[PDB]
């Protein structure tokens, strides 16, 4: 069959790009091998945040509730109820995506697509062709090459767990590892986080990784630094022992590898089409998401750009705007992208870390404002938690170039500040806005 536009992959980039193209009168197909919504709906953003809210409830009950006067017994934590509630919600989201594609008159093809040539794809026996093809195949979890690697599960396997294990080891140091260790610790399992160097989230502003270690030392998970996995041994009683190169070992009931992800660009016969990948296997794209082959584009996690859904969505929509709505220079600016990590406590960051701003503008130019306070929710309890915020300003005008915070409230406060940063906010702009009291967010507009 022939189409104007085909997107291979029904994840964040594929759905956003095909719906926007279909609005401009293009006849479109979307090929998806598994579930609509991709990694973020099914094994990513959405089920992760439900599990985070579940940890938050268990912490309100068990950790903070006693100092607020609530003596509570958790009679049972029914894991199947939570998974059944999470699954029904994701099923409702699937139905909504289908409804939107249908209204848009997009043909959804369920199957695994491979290139025959630059303009031709085979899917389920059938051959289809199009003048514009978007490869938005995402990625998948990496696994280390060590003895016993196969006794560990990865983030996909975490969402498929039948019960919460008693003792859990999470290996990795990026935001996924930190979020999963934070959620599993919050639900009551004995949780260990193993990072290779001295702290998780090493690329984040120092204030953020410092505070997170602080919190972890006070409330779990148990952090183990300088940990290089060497082997995993399955024990007679079925437990696992993770061996570190330095001789340390830990015996857990479940081990999750959360070391990194790799691109899923490999069994689709890119060779036929002549699309060039880079060393790491990412599809190489220019500013405009163009591959080396005229008429083939890539967006999302398979291009090696930052691995976030809003980025695959925004790049995918701007691409359909360029191709089909004659906006020849439309493209995503990949700077000043806001990130929230659903750690305990949450992290929000946009712009340059203080080290980056100093390297780029010089210490002479950089003024940093910082605030450290106890989160009001925790201030009346014996489990007080820090909240730390930093504004990084450059020049005499103190133009804001980085906003960073860790503490309750960071997840919802950051979006509006990211709009202000994108507009070119100076410290004066923030100070001239009246605070909202009592909130964590008013700290950014009353820094001195």
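Positions refer to the first chain, counted from 1.
- Between 110 to 118 and 191 to 199, it is 110 to 118 that carries the larger average Cα temperature factor according to the deposited entry.
- For the segment pair 26 to 34 and 58 to 66, the entry gives 26 to 34 the higher mean B-factor, averaged over Cα atoms.
- Out of 279, 71, 301, 245, it is 279 whose C-alpha atom has the highest B-factor in the PDB entry.
- Per the PDB record, 295 has a higher Cα B-factor than any other of 172, 295, 351, 157.
- Sort the chain's modelled residues by C-alpha temperature factor and residue 385 lands in the lowest third, per the entry.
- Among the modelled residues of its chain, residue 77 has a C-alpha B-factor that falls in the highest third, as given in the PDB entry.
- Compared with the other modelled residues of the chain, the Cα B-factor recorded for residue 150 ranks in the middle third.
- Residue 138 sits in the lowest third of its chain by CA B factor, as recorded in the PDB entry.
- Sort the chain's modelled residues by C-alpha temperature factor and residue 204 lands in the middle third, per the entry.
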